[PDB]
Amino acid sequence: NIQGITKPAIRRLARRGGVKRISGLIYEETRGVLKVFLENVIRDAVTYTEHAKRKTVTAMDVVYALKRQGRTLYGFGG
Amino acid sequence: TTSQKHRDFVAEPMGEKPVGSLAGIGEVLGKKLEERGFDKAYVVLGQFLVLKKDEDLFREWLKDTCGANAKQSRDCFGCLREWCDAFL
Amino acid sequence: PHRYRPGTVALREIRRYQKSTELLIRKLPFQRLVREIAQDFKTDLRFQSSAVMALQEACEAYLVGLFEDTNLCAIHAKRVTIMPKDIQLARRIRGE
Amino acid sequence: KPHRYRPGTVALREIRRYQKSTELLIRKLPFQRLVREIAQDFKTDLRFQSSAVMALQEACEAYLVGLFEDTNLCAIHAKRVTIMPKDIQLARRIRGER
DNA sequence: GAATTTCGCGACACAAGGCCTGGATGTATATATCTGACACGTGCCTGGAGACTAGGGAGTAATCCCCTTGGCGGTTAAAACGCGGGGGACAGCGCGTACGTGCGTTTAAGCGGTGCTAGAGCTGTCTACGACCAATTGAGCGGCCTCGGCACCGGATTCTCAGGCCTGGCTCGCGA
DNA sequence: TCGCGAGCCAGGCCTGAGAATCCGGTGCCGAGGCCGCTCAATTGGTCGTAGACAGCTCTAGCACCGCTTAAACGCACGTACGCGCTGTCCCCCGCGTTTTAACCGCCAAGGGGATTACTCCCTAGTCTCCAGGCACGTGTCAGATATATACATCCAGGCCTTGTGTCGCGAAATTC
């Protein structure tokens, strides 16, 4: 489903970042990068959840998974 | 880039040009190739064609036949390839 | 007909998106992606909705920061178009 | 006739030599005086254990070496071989130190 | 037809690139010396270990309900695709200045020894200070209401990119 | 080189199409207030002890001195590479049309999150014992340091080769 990150969506994300002209090989690279980052967040979220003997990955677990890697997230705390 | 003799050879069909007219071939190498038996330009052309236009094989055969070095073989191969591309 | 030279529509889009704040990835494709990735670690996981919202906010912010740094790299090399080599350099310097 | 290497080879010899050794690369006394000078801006009359100054120097050298590795990657990115102040500023700005 | 002279041929010479060969240099390698830093033995003493107890924290079931998953029907906004084109990426070339290279000179870092005293470090006293517990009460959280700041929608008014046309100067080209 | 015809490009005037913004209206639902409650903060007393303070010891941080030489410094010189510029081409961008599946509201089921009660066993706490590991002293060999030696490597000089330019002389054209 990684092809779900539609090319116009990545174009919009770049537009937000101040990019003006985008190459063509960029899209596959961004999908790869997003796959890696999502793996590295969901692994810790799932580990936290498996620890507390729950089957629901609540919001605080995702906030903590981020908070470990240095990308503190506000607004869902919680 | 390209020697004048190379341009003169590639411009027109070889016909009956002596082997010494080839780019990268002087008097000594021309004499040696004549002594081996290759006494005409088209003979070298046919030998080049037999090797199916392979650069390494052509240069190695030329080196082993008369003692040509990298520059001479490179020039002769380039001239022959261009002649093929222009007439063949 | 009336048609802008390329580059100006890019600037209008840049200002429009830097003015607003809504999400830039359609929600359902991202939700199915999240479930697909989590399907390899635990099999029967049910995500709270707000958890997926937070995951999406984090991913968008990370990608926006990444493209900011990539754009700095691209302008460094006297270009205007980013390339995979730009992104690879940005991630290499950042420490990953 | 004189022996004189082409510009570029002595650089590579120095690169190999300094990547094979481990000794400190900044002379000790200038750095010690610099450390004391900076410290006097905050609170006067401080005394430094010698091991503390050594630790500070190790940290500074490692930081500068890392900075120059990343700056060199940035410079090679721009299809050059020289590193320039804009290279250092870009490396720092990406790293997030500024 | 003969003499002479202009265009082309071979000897003479030169220039550029490649292959062969060698010296100076630095690196690897083997052999010797020596010394101080790592490995080992030993006393002791403080921290680890064994027994036993009390109680509170976590396990586990029971129970409620909430909120997550699944599915459906409409409706669009948004994705997917294609095509024309223009501007950006990229290679290539030339220059000049700025950085590498080396050598003589200065300079101040580094090593050695000494002098000292300010302050880290350890110990003794004991007093102010924070834990703990009982009673108590008012500050703050849960729930309900309302109404107005703002989202939404429509409609003007100004702003902005683009281009088309005209004016103007510039340039090209043939003959005197 | 100028006269003069003609066209190509540079720049401004002007307008249009589309976007951004300002203005007004409606409605709507979320923020701000109000009440009931209940439990967490407050206050008072006691008591054990953490650490503030005073004092002594002795270590090491600081300052100084002199000597030697490693390294920094300044200068000159060469070249190579960063920057500027141009030409090429291809491939993202802008737009229109078609397709598709995201979004929204509604439904319903039940998986599991959260809460509470009872139970029991795991751990903090204390005492008593004892040996594992720390501080100290002592030996020896691994690596530091030197020395010479052998060899890989860098870079320049030398010689072979091809390509080319050129001038006296052969071959052919021309006039008398």
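Chains as they are written, first to last, in PDB author numbering: chain b, 25 to 102; chain l, 2 to 89; chain a, 38 to 133; chain e, 37 to 134.
Cβ atoms here follow ideal geometry from the backbone N, Cα and C, with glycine treated the same way.
For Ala-76 of chain b, no alpha helix (DSSP H) encloses it, and the DSSP letter there is neither H nor E. Here the C-alpha atom of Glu-133 of chain e lies approximately 40 angstroms from the C-alpha atom of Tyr-41 of chain a.
Of b:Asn-25, b:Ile-26, b:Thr-71 and b:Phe-100, the smallest CA-CA separation from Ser-87 of chain a is found for b:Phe-100.
Annotation for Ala-75 of chain a: the continuous alpha helix (DSSP H) segment containing it runs 64-75. About 6 angstroms separates the beta carbon of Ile-130 of chain a from that of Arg-131 of chain e, a gap short enough to meet the 8 angstroms contact definition.
The residue among e:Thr-107, e:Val-89 and e:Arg-49 with its C-alpha nearest the C-alpha of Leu-70 of chain e is e:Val-89. Rounded to the nearest whole angstrom, the C-alpha separation of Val-45 of chain l and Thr-2 of chain l is 23 angstroms.
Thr-66 of chain l sits in a helix when the DSSP states are folded into three classes. In the three-state reduction of the DSSP assignment, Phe-104 of chain e falls in the helix class, which pools H, G and I. One finds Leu-58, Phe-61 and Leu-62 in chain b with Cβ atoms closer than 7 angstroms to the Cβ of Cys-96 of chain a, taken in chain order. Within the stretch 113-124 of chain e, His-113, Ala-114, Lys-115, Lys-122 and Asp-123 place their CB atoms closer than 9 angstroms to a CB of chain a, listed in sequence order. For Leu-81 of chain l, the enclosing alpha helix (DSSP H) has its first and last residue at 71-88. Residue state for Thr-118 of chain a is assigned as strand, using DSSP reduced to three classes. Take the alpha-carbon of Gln-5 of chain l and the one of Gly-47 of chain l: they are about 23 angstroms apart. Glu-105 of chain a and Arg-63 of chain e have their C-alpha atoms some 40 angstroms from each other. Residue l:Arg-8 holds the alpha-carbon nearest to the alpha-carbon of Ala-24 of chain l among l:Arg-8, l:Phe-49 and l:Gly-16.
The three-state reading of DSSP puts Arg-128 of chain a in helix, counting H, G and I together.
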